[PDB]
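Structure 1 and structure 2, given next as C-alpha coordinates, are two forms of the same protein chain, each shown alone.
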Structure 1
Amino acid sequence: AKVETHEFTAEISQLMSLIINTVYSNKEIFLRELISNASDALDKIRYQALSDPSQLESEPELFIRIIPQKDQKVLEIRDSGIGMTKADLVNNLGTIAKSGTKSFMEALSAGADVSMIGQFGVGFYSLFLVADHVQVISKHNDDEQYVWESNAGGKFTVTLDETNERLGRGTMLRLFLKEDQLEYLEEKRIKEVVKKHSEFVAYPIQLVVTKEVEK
(Lines of atoms letter the chains of each structure in order from A and count residues from 1; the text may use other names and numbers.)
(Lines give C-alpha, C1' and ligand atoms only; values in the text may rest on other atoms or scores of the structure.)
Protein backbone atom coordinates (compact mmCIF):
# COMPACT_ATOMS: atom_id res chain seq x y z
CA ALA A 1 0.00 0.00 0.00
CA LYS A 2 3.03 2.41 0.41
CA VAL A 3 4.04 4.68 -2.55
CA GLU A 4 7.78 3.84 -3.09
CA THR A 5 9.76 6.69 -4.82
CA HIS A 6 12.83 5.85 -6.93
CA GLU A 7 15.20 7.99 -9.03
CA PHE A 8 15.83 7.43 -12.75
CA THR A 9 19.45 7.08 -13.93
CA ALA A 10 20.73 10.43 -15.30
CA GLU A 11 20.68 9.18 -18.92
CA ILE A 12 16.97 8.18 -18.77
CA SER A 13 15.89 11.51 -17.18
CA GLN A 14 18.01 13.36 -19.88
CA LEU A 15 16.21 11.39 -22.63
CA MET A 16 12.71 11.95 -21.20
CA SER A 17 13.42 15.73 -20.99
CA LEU A 18 14.55 15.75 -24.68
CA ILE A 19 11.46 13.79 -25.85
CA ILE A 20 8.84 15.67 -23.72
CA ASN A 21 10.12 19.02 -25.10
CA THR A 22 10.90 18.12 -28.77
CA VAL A 23 8.89 19.88 -31.53
CA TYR A 24 9.38 16.77 -33.83
CA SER A 25 6.62 16.70 -36.51
CA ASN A 26 5.71 12.93 -36.80
CA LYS A 27 4.61 12.29 -33.17
CA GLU A 28 2.19 9.50 -34.27
CA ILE A 29 5.20 7.04 -34.29
CA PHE A 30 4.65 6.77 -30.47
CA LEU A 31 1.79 4.33 -31.20
CA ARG A 32 3.96 2.08 -33.42
CA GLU A 33 6.54 1.92 -30.65
CA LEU A 34 4.02 0.99 -27.93
CA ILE A 35 2.32 -1.59 -30.20
CA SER A 36 5.77 -3.10 -30.90
CA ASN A 37 6.50 -3.29 -27.15
CA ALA A 38 3.09 -4.92 -26.54
CA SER A 39 3.76 -7.47 -29.32
CA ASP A 40 7.21 -8.27 -27.80
CA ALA A 41 5.60 -8.88 -24.37
CA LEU A 42 3.03 -11.17 -26.02
CA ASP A 43 5.85 -13.06 -27.75
CA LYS A 44 7.45 -13.72 -24.34
CA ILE A 45 4.29 -15.24 -22.77
CA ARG A 46 3.66 -17.27 -25.95
CA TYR A 47 7.24 -18.62 -25.73
CA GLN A 48 6.70 -19.67 -22.08
CA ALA A 49 3.29 -21.14 -22.89
CA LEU A 50 4.83 -23.37 -25.65
CA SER A 51 6.59 -25.48 -22.96
CA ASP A 52 4.02 -24.75 -20.13
CA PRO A 53 0.43 -24.04 -21.43
CA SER A 54 -0.76 -23.28 -17.83
CA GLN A 55 1.08 -19.85 -17.95
CA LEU A 56 -1.81 -18.60 -20.20
CA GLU A 57 -4.54 -19.43 -17.59
CA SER A 58 -4.21 -15.96 -15.93
CA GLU A 59 -5.53 -14.47 -19.20
CA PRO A 60 -6.11 -17.01 -22.04
CA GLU A 61 -6.53 -14.42 -24.83
CA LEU A 62 -3.47 -12.84 -26.53
CA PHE A 63 -4.37 -9.29 -27.56
CA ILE A 64 -3.40 -5.64 -27.86
CA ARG A 65 -6.23 -3.26 -26.90
CA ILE A 66 -6.37 0.52 -27.40
CA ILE A 67 -8.87 2.31 -25.06
CA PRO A 68 -9.49 6.07 -25.54
CA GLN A 69 -10.77 7.66 -22.29
CA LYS A 70 -12.01 11.00 -23.76
CA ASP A 71 -13.34 12.45 -20.47
CA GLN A 72 -9.96 11.83 -18.73
CA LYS A 73 -7.84 12.94 -21.82
CA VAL A 74 -6.23 9.49 -21.49
CA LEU A 75 -5.25 6.87 -24.06
CA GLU A 76 -4.75 3.33 -22.70
CA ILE A 77 -2.63 0.74 -24.53
CA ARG A 78 -3.18 -2.71 -22.97
CA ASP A 79 -1.58 -6.08 -23.72
CA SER A 80 -1.98 -9.58 -22.29
CA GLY A 81 1.79 -10.16 -22.59
CA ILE A 82 4.19 -11.51 -19.95
CA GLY A 83 3.90 -8.40 -17.74
CA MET A 84 6.36 -7.04 -15.16
CA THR A 85 6.89 -7.94 -11.47
CA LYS A 86 7.42 -5.15 -8.95
CA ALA A 87 11.18 -5.82 -9.24
CA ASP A 88 10.87 -5.53 -13.09
CA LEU A 89 9.15 -2.11 -12.69
CA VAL A 90 11.82 -0.84 -10.26
CA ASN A 91 14.41 -2.35 -12.78
CA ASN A 92 13.96 0.12 -15.62
CA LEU A 93 17.59 0.88 -14.36
CA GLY A 94 20.76 -1.27 -14.61
CA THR A 95 19.21 -2.39 -17.95
CA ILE A 96 19.83 -2.31 -21.76
CA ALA A 97 17.69 0.91 -21.65
CA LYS A 98 20.88 2.58 -20.16
CA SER A 99 22.89 1.49 -23.28
CA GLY A 100 20.02 2.46 -25.64
CA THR A 101 19.47 5.92 -24.06
CA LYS A 102 23.06 7.35 -24.34
CA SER A 103 23.75 6.25 -27.96
CA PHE A 104 20.29 7.43 -29.09
CA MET A 105 20.89 10.92 -27.59
CA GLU A 106 24.23 11.05 -29.49
CA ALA A 107 22.43 9.98 -32.67
CA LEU A 108 19.81 12.72 -32.15
CA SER A 109 22.64 15.32 -31.71
CA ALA A 110 24.10 14.09 -35.06
CA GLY A 111 20.70 14.57 -36.83
CA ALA A 112 18.94 11.18 -36.42
CA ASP A 113 15.20 11.16 -36.96
CA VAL A 114 13.28 10.67 -33.65
CA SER A 115 11.50 7.74 -35.44
CA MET A 116 14.80 5.76 -35.09
CA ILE A 117 14.14 5.51 -31.28
CA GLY A 118 12.95 1.86 -31.56
CA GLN A 119 16.25 0.83 -33.21
CA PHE A 120 18.03 1.94 -29.99
CA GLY A 121 15.65 -0.15 -27.79
CA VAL A 122 14.17 2.94 -26.01
CA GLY A 123 10.93 3.34 -28.01
CA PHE A 124 8.85 3.22 -24.75
CA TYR A 125 10.01 6.83 -24.03
CA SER A 126 8.41 7.97 -27.37
CA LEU A 127 5.13 8.17 -25.35
CA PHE A 128 6.45 11.58 -24.09
CA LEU A 129 5.95 12.93 -27.64
CA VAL A 130 2.16 12.94 -26.90
CA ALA A 131 1.82 12.56 -23.09
CA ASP A 132 3.08 14.63 -20.18
CA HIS A 133 2.74 11.76 -17.68
CA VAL A 134 2.15 8.03 -17.69
CA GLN A 135 1.02 5.19 -15.48
CA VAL A 136 2.31 1.70 -16.32
CA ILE A 137 -0.02 -0.92 -14.77
CA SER A 138 1.45 -4.41 -14.87
CA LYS A 139 0.64 -7.97 -13.73
CA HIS A 140 3.15 -10.83 -14.07
CA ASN A 141 2.21 -14.48 -13.18
CA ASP A 142 4.84 -14.38 -10.35
CA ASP A 143 3.55 -11.18 -8.63
CA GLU A 144 0.67 -8.85 -7.66
CA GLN A 145 -0.60 -6.04 -9.89
CA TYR A 146 1.52 -2.83 -9.51
CA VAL A 147 1.38 0.74 -10.90
CA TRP A 148 4.54 2.54 -12.02
CA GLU A 149 4.15 6.33 -12.52
CA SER A 150 6.34 9.03 -14.19
CA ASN A 151 6.03 12.72 -15.34
CA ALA A 152 9.26 12.75 -17.48
CA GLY A 153 11.11 14.15 -14.37
CA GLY A 154 13.86 12.57 -12.26
CA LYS A 155 11.54 10.43 -10.02
CA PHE A 156 9.05 7.56 -10.47
CA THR A 157 6.77 5.66 -8.07
CA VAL A 158 5.85 1.96 -7.74
CA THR A 159 2.61 1.29 -5.77
CA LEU A 160 0.62 -1.92 -5.11
CA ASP A 161 -2.38 -1.57 -7.42
CA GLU A 162 -5.56 -1.18 -5.31
CA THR A 163 -7.38 1.22 -7.75
CA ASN A 164 -7.37 -0.11 -11.40
CA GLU A 165 -9.17 -2.91 -13.21
CA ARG A 166 -7.48 -6.31 -12.83
CA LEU A 167 -5.38 -7.08 -15.96
CA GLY A 168 -5.27 -10.85 -15.34
CA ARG A 169 -1.82 -10.72 -16.90
CA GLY A 170 0.04 -8.15 -18.97
CA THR A 171 0.58 -4.38 -19.07
CA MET A 172 -1.50 -1.26 -19.61
CA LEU A 173 0.11 2.10 -20.39
CA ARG A 174 -2.17 5.00 -19.33
CA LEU A 175 -1.02 8.02 -21.35
CA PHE A 176 -2.14 11.42 -19.99
CA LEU A 177 -2.27 13.25 -23.28
CA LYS A 178 -0.87 16.75 -23.83
CA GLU A 179 -3.64 19.32 -24.56
CA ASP A 180 -2.46 19.68 -28.23
CA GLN A 181 -2.39 15.83 -28.78
CA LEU A 182 -6.10 14.94 -28.20
CA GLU A 183 -6.41 13.75 -31.83
CA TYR A 184 -5.11 10.35 -30.48
CA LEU A 185 -8.49 9.88 -28.65
CA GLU A 186 -10.39 9.74 -32.01
CA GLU A 187 -11.30 6.36 -33.60
CA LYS A 188 -10.55 7.61 -37.14
CA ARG A 189 -7.07 8.89 -36.17
CA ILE A 190 -6.08 5.75 -34.19
CA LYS A 191 -7.21 3.54 -37.14
CA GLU A 192 -5.08 5.61 -39.59
CA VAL A 193 -1.94 5.33 -37.41
CA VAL A 194 -2.37 1.57 -36.73
CA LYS A 195 -2.93 0.86 -40.45
CA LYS A 196 0.10 2.93 -41.54
CA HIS A 197 2.74 1.87 -39.01
CA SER A 198 1.56 -1.53 -37.58
CA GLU A 199 0.51 -3.70 -40.58
CA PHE A 200 2.64 -6.72 -39.51
CA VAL A 201 1.53 -7.55 -35.97
CA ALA A 202 0.81 -11.18 -35.00
CA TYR A 203 -1.91 -10.36 -32.42
CA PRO A 204 -5.31 -8.68 -32.81
CA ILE A 205 -5.19 -4.90 -32.31
CA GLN A 206 -8.58 -4.17 -30.67
CA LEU A 207 -9.96 -0.58 -30.54
CA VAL A 208 -12.53 0.20 -27.84
CA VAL A 209 -14.98 2.85 -29.10
CA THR A 210 -17.70 4.60 -27.01
CA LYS A 211 -20.74 5.82 -29.02
CA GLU A 212 -24.10 7.20 -27.87
CA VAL A 213 -27.11 4.94 -28.77
CA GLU A 214 -29.33 7.25 -30.94
CA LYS A 215 -33.08 7.16 -31.85
Structure 2
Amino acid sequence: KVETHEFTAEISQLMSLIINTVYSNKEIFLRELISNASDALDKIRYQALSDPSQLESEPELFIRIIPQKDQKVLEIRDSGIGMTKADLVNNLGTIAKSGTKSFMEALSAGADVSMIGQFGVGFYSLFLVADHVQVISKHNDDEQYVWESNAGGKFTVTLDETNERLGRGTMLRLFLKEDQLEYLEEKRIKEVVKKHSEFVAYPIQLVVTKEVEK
Protein backbone atom coordinates (compact mmCIF):
# COMPACT_ATOMS: atom_id res chain seq x y z
CA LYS A 1 0.00 0.00 0.00
CA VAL A 2 2.00 3.05 1.23
CA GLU A 3 5.81 2.65 1.07
CA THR A 4 7.98 5.43 2.60
CA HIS A 5 11.56 6.00 1.65
CA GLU A 6 14.20 8.44 2.78
CA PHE A 7 16.05 10.80 0.45
CA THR A 8 19.82 10.61 0.46
CA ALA A 9 21.47 13.45 2.38
CA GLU A 10 22.76 15.05 -0.81
CA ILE A 11 19.37 14.92 -2.50
CA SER A 12 17.74 16.64 0.49
CA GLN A 13 20.55 19.22 0.41
CA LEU A 14 19.73 19.93 -3.29
CA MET A 15 15.90 19.94 -2.74
CA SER A 16 16.36 22.45 0.16
CA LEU A 17 18.73 24.61 -1.92
CA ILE A 18 15.99 24.76 -4.59
CA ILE A 19 13.00 25.56 -2.41
CA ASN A 20 14.80 28.27 -0.44
CA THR A 21 16.68 29.99 -3.26
CA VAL A 22 15.53 33.41 -4.49
CA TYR A 23 16.78 32.75 -8.08
CA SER A 24 14.99 35.42 -10.13
CA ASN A 25 13.65 33.46 -13.13
CA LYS A 26 11.68 30.69 -11.46
CA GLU A 27 9.48 30.18 -14.55
CA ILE A 28 12.12 27.79 -15.94
CA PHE A 29 10.43 25.16 -13.71
CA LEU A 30 7.80 24.70 -16.43
CA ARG A 31 10.23 24.36 -19.35
CA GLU A 32 11.92 21.61 -17.33
CA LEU A 33 8.63 19.83 -16.65
CA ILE A 34 7.42 20.13 -20.26
CA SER A 35 10.81 18.88 -21.32
CA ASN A 36 10.40 15.77 -19.15
CA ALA A 37 6.93 15.33 -20.69
CA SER A 38 8.24 15.63 -24.30
CA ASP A 39 10.88 13.02 -23.47
CA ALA A 40 8.35 10.59 -21.95
CA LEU A 41 6.28 11.02 -25.14
CA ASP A 42 9.29 10.50 -27.40
CA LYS A 43 9.79 7.18 -25.62
CA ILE A 44 6.31 5.70 -26.15
CA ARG A 45 6.10 7.00 -29.74
CA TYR A 46 9.33 5.25 -30.69
CA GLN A 47 8.51 2.01 -28.87
CA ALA A 48 5.08 1.93 -30.60
CA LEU A 49 6.64 2.14 -34.09
CA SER A 50 7.61 -1.54 -33.79
CA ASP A 51 4.79 -2.41 -31.33
CA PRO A 52 1.63 -0.41 -32.11
CA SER A 53 -0.26 -2.12 -29.29
CA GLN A 54 1.71 -0.09 -26.73
CA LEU A 55 -0.57 2.84 -27.64
CA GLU A 56 -3.96 1.17 -27.11
CA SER A 57 -3.95 2.42 -23.49
CA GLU A 58 -4.14 6.03 -24.77
CA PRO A 59 -3.93 6.68 -28.53
CA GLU A 60 -3.27 10.43 -28.41
CA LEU A 61 0.11 11.96 -27.59
CA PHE A 62 -0.26 15.26 -25.82
CA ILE A 63 0.73 17.55 -22.99
CA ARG A 64 -1.92 19.24 -20.87
CA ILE A 65 -1.62 22.01 -18.30
CA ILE A 66 -4.58 22.34 -15.89
CA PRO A 67 -4.59 25.15 -13.29
CA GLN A 68 -6.88 24.41 -10.31
CA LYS A 69 -7.26 27.75 -8.56
CA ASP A 70 -9.62 26.40 -5.91
CA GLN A 71 -6.96 23.93 -4.83
CA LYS A 72 -4.00 26.28 -5.58
CA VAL A 73 -2.56 23.43 -7.65
CA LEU A 74 -1.00 23.53 -11.11
CA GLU A 75 -1.40 20.24 -12.94
CA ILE A 76 0.88 18.99 -15.72
CA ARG A 77 -0.17 15.88 -17.60
CA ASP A 78 1.17 13.88 -20.53
CA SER A 79 0.36 10.65 -22.37
CA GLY A 80 4.01 9.59 -22.32
CA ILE A 81 5.38 6.25 -21.28
CA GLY A 82 4.83 6.71 -17.62
CA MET A 83 6.72 5.17 -14.76
CA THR A 84 6.59 1.88 -12.91
CA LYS A 85 6.87 1.52 -9.15
CA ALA A 86 10.42 0.22 -9.75
CA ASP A 87 11.12 3.46 -11.65
CA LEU A 88 9.53 5.47 -8.85
CA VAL A 89 11.22 3.80 -5.89
CA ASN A 90 14.66 2.57 -7.06
CA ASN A 91 15.56 3.25 -10.71
CA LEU A 92 15.05 7.01 -10.74
CA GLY A 93 16.60 6.96 -7.28
CA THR A 94 19.96 6.11 -8.80
CA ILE A 95 19.45 8.52 -11.69
CA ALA A 96 18.53 11.23 -9.13
CA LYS A 97 21.58 10.45 -6.93
CA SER A 98 24.07 10.63 -9.81
CA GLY A 99 22.49 13.69 -11.41
CA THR A 100 22.44 15.46 -8.03
CA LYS A 101 26.13 14.72 -7.39
CA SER A 102 26.99 16.16 -10.80
CA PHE A 103 24.62 19.12 -10.47
CA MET A 104 26.03 20.09 -7.07
CA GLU A 105 29.60 19.99 -8.44
CA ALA A 106 28.46 22.33 -11.21
CA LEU A 107 26.80 24.75 -8.76
CA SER A 108 29.93 24.81 -6.61
CA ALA A 109 31.60 25.97 -9.85
CA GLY A 110 29.29 28.92 -10.42
CA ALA A 111 26.74 27.05 -12.53
CA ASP A 112 23.05 27.94 -12.51
CA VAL A 113 19.79 26.41 -11.34
CA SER A 114 18.48 26.91 -14.88
CA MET A 115 21.08 24.37 -16.00
CA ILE A 116 19.49 21.71 -13.81
CA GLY A 117 17.91 20.02 -16.80
CA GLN A 118 21.25 18.96 -18.29
CA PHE A 119 21.77 16.75 -15.21
CA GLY A 120 18.61 14.64 -15.50
CA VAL A 121 16.98 16.07 -12.36
CA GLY A 122 14.99 18.93 -13.87
CA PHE A 123 11.91 17.58 -12.05
CA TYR A 124 13.30 19.00 -8.76
CA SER A 125 13.07 22.53 -10.20
CA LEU A 126 9.37 22.48 -9.32
CA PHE A 127 10.37 23.45 -5.80
CA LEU A 128 11.25 26.88 -7.18
CA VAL A 129 7.47 27.50 -7.15
CA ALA A 130 5.91 24.68 -5.14
CA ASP A 131 6.39 23.25 -1.67
CA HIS A 132 4.66 19.91 -2.29
CA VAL A 133 4.23 17.60 -5.25
CA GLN A 134 2.18 14.55 -6.15
CA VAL A 135 3.13 12.41 -9.13
CA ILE A 136 0.46 10.16 -10.64
CA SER A 137 1.93 7.79 -13.19
CA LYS A 138 0.71 4.81 -15.17
CA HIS A 139 3.06 2.57 -17.14
CA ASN A 140 1.89 -0.18 -19.46
CA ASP A 141 2.43 -3.53 -17.66
CA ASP A 142 2.26 -1.97 -14.20
CA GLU A 143 -0.40 -0.33 -12.04
CA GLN A 144 -1.01 3.35 -11.35
CA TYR A 145 0.88 4.92 -8.47
CA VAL A 146 1.24 8.18 -6.60
CA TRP A 147 4.70 9.38 -5.56
CA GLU A 148 4.64 12.15 -3.04
CA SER A 149 7.11 14.45 -1.38
CA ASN A 150 7.49 17.88 0.20
CA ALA A 151 11.19 18.57 -0.41
CA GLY A 152 11.99 17.11 3.00
CA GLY A 153 13.88 13.87 3.34
CA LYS A 154 10.92 11.52 2.87
CA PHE A 155 8.66 10.66 -0.05
CA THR A 156 5.89 8.08 -0.35
CA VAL A 157 4.76 5.68 -3.07
CA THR A 158 1.11 4.61 -2.88
CA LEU A 159 -0.96 2.23 -4.97
CA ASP A 160 -3.41 4.63 -6.60
CA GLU A 161 -7.03 3.93 -5.69
CA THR A 162 -8.57 7.42 -5.67
CA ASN A 163 -7.87 9.37 -8.88
CA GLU A 164 -9.21 9.12 -12.42
CA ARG A 165 -7.44 6.38 -14.31
CA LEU A 166 -4.81 7.99 -16.52
CA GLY A 167 -4.78 5.27 -19.13
CA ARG A 168 -1.06 5.83 -19.73
CA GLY A 169 1.41 8.50 -18.69
CA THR A 170 2.07 10.95 -15.91
CA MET A 171 0.28 13.76 -14.11
CA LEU A 172 2.17 16.16 -11.86
CA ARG A 173 0.35 18.25 -9.24
CA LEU A 174 2.35 21.23 -8.01
CA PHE A 175 0.98 22.74 -4.77
CA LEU A 176 2.21 26.24 -5.51
CA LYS A 177 3.90 28.43 -2.96
CA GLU A 178 1.55 31.17 -1.75
CA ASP A 179 3.67 33.77 -3.58
CA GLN A 180 3.78 31.86 -6.90
CA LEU A 181 0.07 31.79 -7.80
CA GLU A 182 0.73 33.69 -11.01
CA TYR A 183 1.36 30.26 -12.57
CA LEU A 184 -2.35 29.56 -12.28
CA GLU A 185 -3.26 32.45 -14.58
CA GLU A 186 -3.83 31.61 -18.22
CA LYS A 187 -2.03 34.64 -19.59
CA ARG A 188 1.11 33.92 -17.60
CA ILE A 189 1.25 30.22 -18.57
CA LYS A 190 0.90 31.17 -22.21
CA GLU A 191 3.70 33.68 -21.65
CA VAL A 192 6.06 31.12 -20.21
CA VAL A 193 5.22 28.34 -22.61
CA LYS A 194 5.76 30.45 -25.72
CA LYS A 195 9.07 31.86 -24.44
CA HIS A 196 10.71 28.64 -23.21
CA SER A 197 9.15 25.84 -25.30
CA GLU A 198 9.14 26.89 -28.97
CA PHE A 199 10.41 23.45 -30.10
CA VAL A 200 8.15 20.68 -28.81
CA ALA A 201 6.89 18.06 -31.34
CA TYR A 202 3.53 17.42 -29.34
CA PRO A 203 0.44 19.48 -28.60
CA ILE A 204 0.59 21.52 -25.40
CA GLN A 205 -3.03 22.01 -24.33
CA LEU A 206 -4.20 24.53 -21.75
CA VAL A 207 -7.37 23.85 -19.72
CA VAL A 208 -8.82 27.15 -18.57
CA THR A 209 -11.74 27.39 -16.18
CA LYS A 210 -13.68 30.67 -16.52
CA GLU A 211 -17.02 31.67 -15.06
CA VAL A 212 -19.73 32.70 -17.60
CA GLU A 213 -20.94 36.32 -17.10
CA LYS A 214 -24.78 35.99 -17.33
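Between two forms, the rigid core is defined as the largest C-alpha subset superposing within 1.5 Å. When a residue number appears, read it as a position in the sequence of structure 1, where counting begins at 1.
Of the residues listed here (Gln135, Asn92, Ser126, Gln145), only one shifts its CA by 2 angstroms or more between structure 1 and structure 2 after fitting on the rigid core, and it is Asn92. Fit the two forms on the rigid core and the C-alpha of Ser25 turns out 0.5 Å off between structure 1 and structure 2. The two forms line up on their rigid core, and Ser109 then has its Cα shifted by 2.7 Å between structure 1 and structure 2. On core superposition, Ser13 has its C-alpha offset by 1.2 angstrom between structure 1 and structure 2.
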